[PDB]
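A.B. asks: As you go down the protein sequences, you meet chains C and B in turn. Under PDB author numbering, the residues of the first sequence are numbered 214 to 561, 567 to 621, 706 to 856, 882 to 1031, 1037 to 1065, in order. Under PDB author numbering, the residues of the second sequence are numbered 14 to 44, 79 to 426, in order. We treat Cβ as the ideally placed atom computed from N, Cα and C, and that holds for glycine.
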Amino acid sequence: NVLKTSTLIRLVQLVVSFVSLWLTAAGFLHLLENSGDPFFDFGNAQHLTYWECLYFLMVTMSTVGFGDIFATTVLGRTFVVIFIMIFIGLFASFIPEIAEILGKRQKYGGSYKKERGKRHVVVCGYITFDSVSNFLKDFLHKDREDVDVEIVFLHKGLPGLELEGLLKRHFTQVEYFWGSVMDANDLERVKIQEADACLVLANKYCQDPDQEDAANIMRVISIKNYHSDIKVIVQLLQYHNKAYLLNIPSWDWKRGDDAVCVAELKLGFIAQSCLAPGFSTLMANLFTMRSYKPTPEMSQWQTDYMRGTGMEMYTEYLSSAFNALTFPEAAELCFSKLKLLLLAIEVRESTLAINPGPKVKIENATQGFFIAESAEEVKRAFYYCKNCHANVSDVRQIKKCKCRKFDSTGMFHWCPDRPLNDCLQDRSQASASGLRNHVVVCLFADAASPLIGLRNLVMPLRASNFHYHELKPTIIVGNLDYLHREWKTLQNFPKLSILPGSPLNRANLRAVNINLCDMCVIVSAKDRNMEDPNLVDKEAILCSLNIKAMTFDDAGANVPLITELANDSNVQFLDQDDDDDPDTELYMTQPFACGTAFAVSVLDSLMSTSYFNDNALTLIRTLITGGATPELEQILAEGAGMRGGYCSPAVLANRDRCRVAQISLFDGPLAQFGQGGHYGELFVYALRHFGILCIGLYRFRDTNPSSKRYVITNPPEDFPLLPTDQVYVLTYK
Amino acid sequence: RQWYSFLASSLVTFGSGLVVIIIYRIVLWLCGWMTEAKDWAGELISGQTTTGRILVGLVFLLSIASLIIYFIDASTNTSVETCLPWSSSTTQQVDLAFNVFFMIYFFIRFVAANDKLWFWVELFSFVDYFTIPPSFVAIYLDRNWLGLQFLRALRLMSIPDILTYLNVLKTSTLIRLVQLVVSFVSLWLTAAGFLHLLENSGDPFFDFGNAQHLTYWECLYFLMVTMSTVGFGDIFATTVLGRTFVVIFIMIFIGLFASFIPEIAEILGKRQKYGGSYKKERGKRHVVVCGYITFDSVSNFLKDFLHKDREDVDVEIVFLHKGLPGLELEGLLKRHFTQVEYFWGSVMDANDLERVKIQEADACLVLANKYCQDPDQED
Ligand SMILES: [Ca+2]
Ligand SMILES: [K+]
Ligand SMILES: [K+]
Ligand SMILES: [K+]
Ligand SMILES: [K+]
Ligand SMILES: [Mg+2]
Ligand SMILES: [Mg+2]
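1. Could you list which residues in chain B have their beta carbon closer than 9 Å to that of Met271/C, in chain order?
2. What residues are listed by DSSP as bridge partners for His740/C?
3. When you check each C-beta in the stretch 176 to 196 of chain B against every C-beta of chain C, which residues fall closer than 8 Å?
4. In the DSSP assignment, find the alpha helix (DSSP H) that holds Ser18/B and state where it starts and stops.
5. With 16 other CB atoms within 10 Å as the buried threshold, where does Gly373/C fall?
6. Taking any Cβ of chain C, which residues in the stretch 244 to 276 of chain B have a Cβ under 8 Å from it, in chain order?
7. Thinking just about the alpha-carbon of each residue, which of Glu772/C, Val741/C, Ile434/C and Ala571/C is nearest to the one in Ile443/C?
8. Please list, in chain order, all residues of the same chain as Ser346/B whose beta carbon is under 7 Å from its beta carbon, the five residues on each side excluded.
9. Any contact of the stretch 771 to 786 of chain C with the stretch 794 to 801 of chain C, i.e. 3+ C-beta pairs under 8 Å?
10. When you compare each of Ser975/C, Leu892/C, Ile816/C and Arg1041/C to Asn848/C by their alpha carbons, which one comes out closest?
11. Taking only three categories from DSSP, how would you classify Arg202/B?
12. Just how far apart, CA to CA, sit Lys326/C and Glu591/C?
13. For the structure I just gave you, are there three or more beta carbon pairs, one from the stretch 502 to 515 of chain C and one from the stretch 475 to 487 of chain C, closer than 8 Å?
14. Can you find at least 3 beta carbon pairs, one from the stretch 582 to 597 of chain C and one from the stretch 526 to 536 of chain C, that sit closer than 8 Å?
15. Between which two residues does the alpha helix (DSSP H) carrying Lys437/C extend?
16. Give me the Cα-Cα distance between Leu267/B and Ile340/B, rounded to the nearest whole angstrom.
17. Can you give me, in chain order, the residues of the stretch 369 to 385 of chain C that have a beta carbon less than 7 Å from any beta carbon in chain B?
18. Out of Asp399/B, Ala397/B and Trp133/B, state which residue places its alpha-carbon closest to the alpha-carbon of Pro181/B.
19. Buried or exposed for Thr711/C, please, with buried defined as at least 16 other CB atoms from any protein chain shown within 10 angstroms of its CB.
20. Examine the Cβ distances between the stretch 199 to 210 of chain B and the stretch 98 to 109 of chain B and report whether three or more of them are shorter than 8 Å.
21. Taking Cβ positions only, does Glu510/C come closer than 8 Å to chain B?
22. So what does DSSP say about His771/C, is it helix, strand or coil?
23. For a test of the three-state rule: what should DSSP assign to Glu265/B, helix, strand or coil?
24. Who are the neighbours of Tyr212/B on chain C, taking C-beta pairs under 8 Å?
25. Do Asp471/C and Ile446/C have their beta-carbon atoms positioned less than 8 Å apart in this structure?
26. Kindly provide the ranges of any alpha helix (DSSP H) runs that are 4 or more residues long and lie completely inside the stretch 470 to 505 of chain C, ordered along the chain.
27. Please say whether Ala415/C and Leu450/C have beta carbons closer to each other than 8 Å?
28. In this structure, how does DSSP classify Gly521/C when only helix, strand and coil are distinguished?
29. For ligand 5, which residues have a Cβ under 5 Å from at least one heavy atom, in chain order?
30. Assign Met761/C to one of two classes, buried (16 or more other C-beta atoms within 10 Å of its C-beta) or exposed (fewer than that).
31. Of all the residues that make up the stretch 804 to 838 of chain C, which are near chain B by a beta-carbon distance shorter than 9 Å?
32. How close, in whole Å, do the beta carbons of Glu313/C and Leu227/C come, if the pair is a contact with beta carbons under 8 Å?
33. Would you call the stretch 285 to 305 of chain B in contact with the stretch 250 to 265 of chain B, where contact means no fewer than 3 C-beta pairs closer than 8 Å?
34. Evaluate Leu371/B with the Cβ neighbour count: other Cβ atoms within 10 Å of its Cβ, from every protein chain shown; 16 or more gives buried, anything less gives exposed.
35. Does the separation of the CB atoms of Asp829/C and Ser1038/C fall below 8 Å?
36. Per DSSP, what kind of secondary structure is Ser991/C in: helix, strand or coil?
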């Protein structure tokens, strides 16, 4: 029982039958030619050796036929005619099938060899040239602090030719193995016992995100089953699927395990944009590594914008020179001397504090969160050594030492359950209601289309740090049968309403007072390849262009809008007066620079930030969710829905959360800076007088025409202000 | 006479290094700067540093130059072994410089390798053992044997890697194209060199008496003529090692030729026929036409648009569509050559809208497939 495998059985049958038939045919021809024709008295004979017959038959089998040797007896020639009819077919079918069998061996077998002190990360799930090139371009980016971490890809496929090229260019630090995290032998080959983390990537563009999330959950279950203590970072497409992996016995967020839920994050960024009109661009640029690289054809606004895109958020230890400063002194000092924007600190168990007030001191070895162009910038805060050594005034020189009811956690406003018919409205009821400064959600859904989790949109808008009178009313325009199955998650939020019908009807839009809203959100639940990539956003594009064309004579292209794109290259249709170019990537396009467009592709590089500094991912999640703690995620995972009621003063104390607001230089106390002041003067003044921490500007593109504004992240200290600018601020009140 | 003076060097060099690996493995099995060097060497040969890109280009040039020196020796030489003092010949002088470079590059490679045992068995390690040590034996004696030197042709199989390390092959069909051509050519050139060694040396068990003085170029031709299964038999092998090599060659290379020729024809058959751009005459009007373009819709459109009963106007029709036109439509586009033009492209692409100069058209006409199954999808 030595041939066990059907291809090896088939291989030995092919080779042995082919060889024995060739050897026996050669022997028969040798008998005929050396004996000669019997009816010619054996006189007609030709003294070939067996080896000449064996060669001659291979030369005719293959149809080469040199004719250096050939048969001459008449039985020899008739045997050659019979041999040609039989053996050409055998050779022509043998040679292909042996090539198929020997072509079947795996190219990327073998096992990872762990060097004496290099760290490594195992990466799996959706591995392709696109996902790998986008992953490595951020993970290995020059602006990161230099670390020897190897990336070990594990996947079932053979890599495509363009991916084999990419794996070769990174040869010294990227490795690839054929296998699956579903197999305990493959988990051993990549030494996942000894990895820092496993990263599990998702196919964001699949047809069925519940099926993709099921596959990824089974991979985490496999990795944890193999060894519980492995840090797993996973990408999830649906928020309801997070509950399943929160319930695995060995999933532990306190140890590093994490779920980058792209539906939660997507709707969180666009929800915070309804409150600060450009935040999703401000903020989504901080979480991808990019380096500012001018080109002389760029307009002023494009150079200002692109300088801002070179920023990222970094974690670093503050030097001992900061000890016993308040966070306001430490922030003035970082900004004015070090040219770094400090925005938060890890207070010692330990807790993140964003823009803490004068009550909070810098303790020894406080870790701070900075916005800066590169990790080489933030080191300056670790090396800053006061009067001892770091005395001099050009920053490049710092380099050496001192030689009503709420939810049960009080984080959100809350409402007892209701039937959807309490919040459903017809156009007359909606028009009778004086909706103004509200949020409009234009949802596009079929009744059967997947749940998008609008709770992640609405919940940030009901953050408990707002007073009830200043909560923006929200109205969803969309399919009712869809909203019935969405509603079970929404029914606990106050000031919500539904106008059932298509958002493309220009009546629903007028009834909703679309011209008076603070933000219109255009969102779709439709199948991500209902057809080819030109049709994929046609409803969202038509809805944008429809609203942009209406007339609200008691206008039209000045209704504020943010659209979520299923396919990034469709951003070109989303705006006119634009100068589109398909080779520009999304973040450089005018609709994204204006905060009018969003797409899930800008969230890809969150995976690597969860690996490099998990706390930075909790910082952004506390901002974008409006304060969703792991206790609330735990409570939601009990399946009871969001429990709430009246709250004690001790939990209600958390209503003083820091938030990102936006303020105008046109009037009030800061207006003095609008008349030709500089951003550094404004920054220091506002931090000192108000504890406001300014993080960027929102400026008109047309400095003279259109209402389009673009976002500048963290301007230089000497940057000139305009009286029409708006300032992004972290604030407590 | 001294062919073995060289086969020795080549083979013996390989064995002593292999033994030193086996005893090192066994000593360490019975009983940091290394990794910094291994990573630096890996980054260097992968073309990641600027000095890496330089070295990798030098490998591209000097692998080809080393092959050209072998063609010069294979062409202009008579006997397989040959007496000529090393101090006399400029070709063998410059060949020492290349053999030194490939010796340095071999050690670079070794430093970079993960498992030294497997490295000592890589194909390019054998190319180096059979090429360089004999090129030094040819200094110690003033004679040379053109033995396994044909293996220099295998160094061409590094070219698809160099053109990956240098990021110049970007497209998967162009990557596939260069892999096909370079592997096919180097396997043909190296096989021709091996047959030339066998026929010109003759059978060793017949005291080398059975020998046939083919040139390298006759072997190269003869192998193409048998690869393709033509087999003229104007040239053929006669030694018994020549004939056994031809039998092995027939079993391997008929499959390579029969799969290479189709796949090159698929790749070169892939270029777009109706690329290019519309050229706007000094005062002719034009109309861009797109959407459902087919022989039926175009013939019915042109029969009315260009009808003799209309007032005569010089308007050109510029069709823009994603397909290649069908044969009957190419006929119709040719009959109207002076006033109808066709471009491969889509109105969904801003570069294609520029090619048809739609800025300067009178109109764009967008035609519909009236007979589709789903008119909401067509609209
Ligand atoms: Ca940067
Ligand atoms: K033939
Ligand atoms: K033939
Ligand atoms: K023939
Ligand atoms: K012949
Ligand atoms: Mg390694
Ligand atoms: Mg013309």
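C.D. replies: By the coordinates alone:
1. Within the first sequence, numbered from 1, the residue matching residue 271/C stands at position 58. Within 9 Å Cβ-Cβ: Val293, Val294, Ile297 and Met298.
2. As a working note, residue 740/C is residue 438 in the first sequence. Note: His740/C sits in no beta bridge, so no partner.
3. Within the stretch 176 to 196 of chain B, no residue qualifies.
4. For the purposes of this step, residue 18/B is taken as residue 5 along the second sequence, with counting starting at 1. In the DSSP assignment, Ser18/B falls within the alpha helix (DSSP H) that extends over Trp16 to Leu43.
5. Taking the first sequence and counting its residues from 1, one reaches residue 373/C at position 160. Per the 10 Å Cβ criterion, exposed.
6. Under the 8 Å Cβ criterion, the stretch 244 to 276 of chain B contributes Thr273 and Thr276.
7. Within the first sequence, numbered from 1, the residue matching residue 443/C stands at position 230. Comparing alpha carbon positions, the residue from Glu772/C, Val741/C, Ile434/C and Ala571/C closest to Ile443/C is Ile434/C.
8. Taking the second sequence and counting its residues from 1, the one referred to as residue 346/B is at position 299. Short of 7 Å from the beta carbon of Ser346/B, and not among the five residues preceding or following it, lie these beta carbons of its own chain, in chain order: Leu379.
9. The answer is yes - the stretch 794 to 801 of chain C touches the stretch 771 to 786 of chain C, with three or more Cβ pairs under 8 Å.
10. Locating residue 848/C in the first sequence gives position 546, counting from the first residue. Out of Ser975/C, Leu892/C, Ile816/C and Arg1041/C, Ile816/C has the C-alpha closest to the C-alpha of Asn848/C.
11. Within the second sequence, residue 202/B is the residue found at index 155, counting from 1. Correct three-state label for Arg202/B: helix.
12. The residue given as residue 326/C occupies position 113 in the first sequence. The residue given as residue 591/C occupies position 373 in the first sequence. Approximately 36 Å between the Cα atoms of the pair.
13. No: fewer than three Cβ pairs fall under 8 Å.
14. Of all C-beta pairs linking the stretch 582 to 597 of chain C to the stretch 526 to 536 of chain C, three or more are shorter than 8 Å, placing the two stretches in contact.
15. Position 224 of the first sequence, counted from the first residue, corresponds to residue 437/C. Unbroken alpha helix (DSSP H) run through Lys437/C: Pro422 to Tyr439.
16. The sequence position of residue 267/B within the second sequence is 220, counting from 1. The sequence position of residue 340/B within the second sequence is 293, counting from 1. So the alpha carbons of these two residues sit roughly 51 Å apart.
17. If the cut-off is 7 Å between Cβ atoms, the stretch 369 to 385 of chain C has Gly373, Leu374, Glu375, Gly378, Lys381, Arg382, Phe384 and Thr385 near chain B.
18. Working through the second sequence from its first residue, we reach residue 181/B at position 134. Relative to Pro181/B, the option among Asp399/B, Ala397/B and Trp133/B whose CA is nearest is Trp133/B.
19. The count along the first sequence starts at 1 and reaches residue 711/C at position 409. Label assigned to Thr711/C: buried.
20. Segments in contact, yes.
21. As a first step, residue 510/C must be located in the first sequence, where it is residue number 297. Closer than 8 Å: no.
22. The residue you call residue 771/C lines up with position 469 of the first sequence. Three-state DSSP puts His771/C in a helix.
23. As a working note, residue 265/B is residue 218 in the second sequence. Helix at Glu265/B.
24. Taking the first residue of the second sequence as position 1, residue 212/B is located at position 165. The contacting residues are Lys381 and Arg382.
25. Looking up residue 446/C in the first sequence gives position 233. Looking up residue 471/C in the first sequence gives position 258. Between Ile446/C and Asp471/C, the CB-CB gap stays under 8 Å.
26. As far as the stretch 470 to 505 of chain C is concerned, its whole alpha helix (DSSP H) runs of at least 4 residues are 475 to 485 and 492 to 497.
27. For the purposes of this step, residue 450/C is taken as residue 237 along the first sequence, with counting starting at 1. For the purposes of this step, residue 415/C is taken as residue 202 along the first sequence, with counting starting at 1. One thing to note: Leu450/C has its Cβ within 8 Å of the Cβ of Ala415/C.
28. Locating residue 521/C in the first sequence gives position 308, counting from the first residue. Taken through DSSP and simplified to helix, strand or coil, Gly521/C comes out as helix.
29. Any residue whose Cβ sits closer than 5 Å to a heavy atom of ligand 5 makes the list: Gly280/C and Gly280/B.
30. The residue you call residue 761/C lines up with position 459 of the first sequence. Residue environment: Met761/C is assigned as buried (16 or more neighbouring CB atoms within 10 Å of its CB, all protein chains considered).
31. Per Cβ criterion, the list reads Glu833, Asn836 and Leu837.
32. Within the first sequence, residue 313/C is the residue found at index 100, counting from 1. Within the first sequence, residue 227/C is the residue found at index 14, counting from 1. Between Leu227/C and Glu313/C the Cβ distance is about 10 Å, and since that is not below 8 Å, they are no contact.
33. Counting C-beta pairs with one atom in each stretch, the stretch 285 to 305 of chain B and the stretch 250 to 265 of chain B have three or more that are closer than 8 Å, which means they touch.
34. In the second sequence, the residue the question calls residue 371/B occupies position 324. Exposed, by the Cβ-count rule.
35. Here residue 829/C is taken as the residue at index 527 of the first sequence, counted from 1. Here residue 1038/C is taken as the residue at index 706 of the first sequence, counted from 1. No; because the gap between Cβ atoms is not below 8 Å, this pair is not in contact.
36. As a working mapping, residue 991/C is identified with position 664 in the first sequence. Annotated three-state conformation of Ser991/C is strand, per DSSP.
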